[PDB]
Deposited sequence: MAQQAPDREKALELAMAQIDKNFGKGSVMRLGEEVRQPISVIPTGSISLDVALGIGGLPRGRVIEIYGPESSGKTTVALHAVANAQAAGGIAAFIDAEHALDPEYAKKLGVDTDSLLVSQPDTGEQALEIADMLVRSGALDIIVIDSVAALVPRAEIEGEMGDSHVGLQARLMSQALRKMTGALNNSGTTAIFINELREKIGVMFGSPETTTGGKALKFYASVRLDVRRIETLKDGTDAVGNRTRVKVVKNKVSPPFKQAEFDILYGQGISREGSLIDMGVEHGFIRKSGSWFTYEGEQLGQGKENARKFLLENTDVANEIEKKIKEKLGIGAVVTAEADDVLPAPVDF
C-alpha cells in the first residue's frame, strides 16, 4: 500500500465520475481560467481563487438585507459588459436603482430587464434567454420573490410547490447555462427555493454587513464580509472583506490598500500609509482618496498584487 498513490488514484476517479472539483485538498492552489467575471472586489476575486465568478455556472449570493449582495452582483454585470458581454436582470422585487447601477459602471441602457408575472414565468423567461447564448451574465433578484402562480393567483390553504418549481427550473437551466457559458447569479435574501440552489450552485456567497464605515465620526458606508461557503472550482471557505461607500459601490482603492498592505507592497508606518517611497496619507480614507486621484498609483499596486497571487 502507498497511501498517497492510492488516494490520488481515488480522487482522480472521483472527479472523473462527478466533475472536476468534486473533491480537493483545501490548501490546494487551483489552475486559473480564461476569463472569469471580476466580482468588483479584489479580495473576493482572490477568495474565489479564480479571480471572479466562473462563467457558465450558477452563483447564489445570500445574506440579510443591506449586506451588499445586489451591489456585488451589479459590479459583476458591469464587468461582464465592460468585456462586451450582454446582461439580463430578472426583477421580481422592483427594487433596482439604475442610477446607482450606472455609478457602479453598468450600461443600464443596453441592460435587459424583465419583470415576470409569476415565479414560473420568471424562470421560464430566464431559461429562454440563457439558451440563446447571447447573455454572458444573468441576474435573478430574490429567490424568494419567485412565488408560484397558484399562490399568486387565488389558491386555497396546498403544496410545497415553490421549492419544486425552483428545483425543476434549475435542473434544465444548468445544462443550458453551461453550454451558454453564461453565469447566473441568484440573489437570495435572508428575511423556500434556496433548498435546490444549494446543490445546483457552483459558488455560494454568504454576504453580510460587518462594520459601519465611519472613518472618524460620520456615516460613509459599510464594511462587508463575504464567505465563499461553497466553491466547486477552487478550495472553498475562503473569506474576504471590503468597503461599500454610500452611493458608491465596492471601493477598489479600499481593497487595494488593505490587500496591498497585508501583502507588503504598501508599507504602513503607524498612522501613515506609504508605498514605494511616496507618501499616501494618514488614515485609510486619505490613502483611498490619494489612490483614487492618482490612478497611476493603485494601478501599479493592482498589478503587483495581482501578480503575486493570481
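Asker: Could you spell out the stretches of the deposited sequence that were left without C-alpha coordinates, going in sequence order?
Answerer: According to the record, the gaps fall at 1-5, 163-164, 199-211, 331-349.
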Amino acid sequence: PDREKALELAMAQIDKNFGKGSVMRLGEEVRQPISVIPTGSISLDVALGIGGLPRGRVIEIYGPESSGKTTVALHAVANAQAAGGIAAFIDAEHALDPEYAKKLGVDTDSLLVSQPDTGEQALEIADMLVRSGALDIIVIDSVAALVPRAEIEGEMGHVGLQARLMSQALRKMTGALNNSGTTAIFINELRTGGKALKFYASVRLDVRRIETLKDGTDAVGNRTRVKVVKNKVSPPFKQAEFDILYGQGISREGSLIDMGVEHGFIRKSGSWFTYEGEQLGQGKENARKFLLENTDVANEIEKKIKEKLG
From here on, numbers count along this sequence of modelled residues.
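Asker: Decide which of the stretches 247-255 and 271-279 has the higher mean C-alpha B-factor, going by the entry.
Answerer: Per the PDB entry, the higher value belongs to 271-279.
Asker: Going by the average Cα B-factor in the PDB entry, point out whether 290-298 or 17-25 comes out higher.
Answerer: For C-alpha atoms only, the mean B-factor is higher in 290-298.
Asker: So if I compare the CA B-factors in the entry for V220, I125, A240, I185, which one is the largest?
Answerer: Highest C-alpha B-factor among the listed residues goes to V220.
Asker: In this PDB entry, which of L112, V130, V226, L170 has the top CA B-factor?
Answerer: Checking the PDB record, the top C-alpha B-factor among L112, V130, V226, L170 is at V130.
Asker: Lowest, middle or highest third: which one holds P38 when the chain's residues are ordered by CA B-factor from the entry?
Answerer: Tercile = middle for this residue's CA B-factor.
Asker: Would you please rank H75 by its C-alpha temperature factor against the other modelled residues of its chain and give the third it falls in: lowest, middle or highest?
Answerer: Its C-alpha B-factor, which the entry lists for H75, ranks in the middle third among residues of this chain.
Asker: Can you tell me whether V30 has a C-alpha B-factor in the lowest, middle or highest third compared with the other modelled residues of the same chain?
Answerer: According to the entry, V30 has a C-alpha B-factor in the chain's highest third.
Asker: Relative to the other modelled residues of the same chain, rank the CA B-factor of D107 and answer lowest, middle or highest third.
Answerer: According to the entry, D107 has a C-alpha B-factor in the chain's middle third.
Asker: Ranking the modelled residues of this chain by C-alpha B-factor as given in the entry, is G84 in the lowest, middle or highest third?
Answerer: Its C-alpha B-factor belongs to the middle third of this chain's values.
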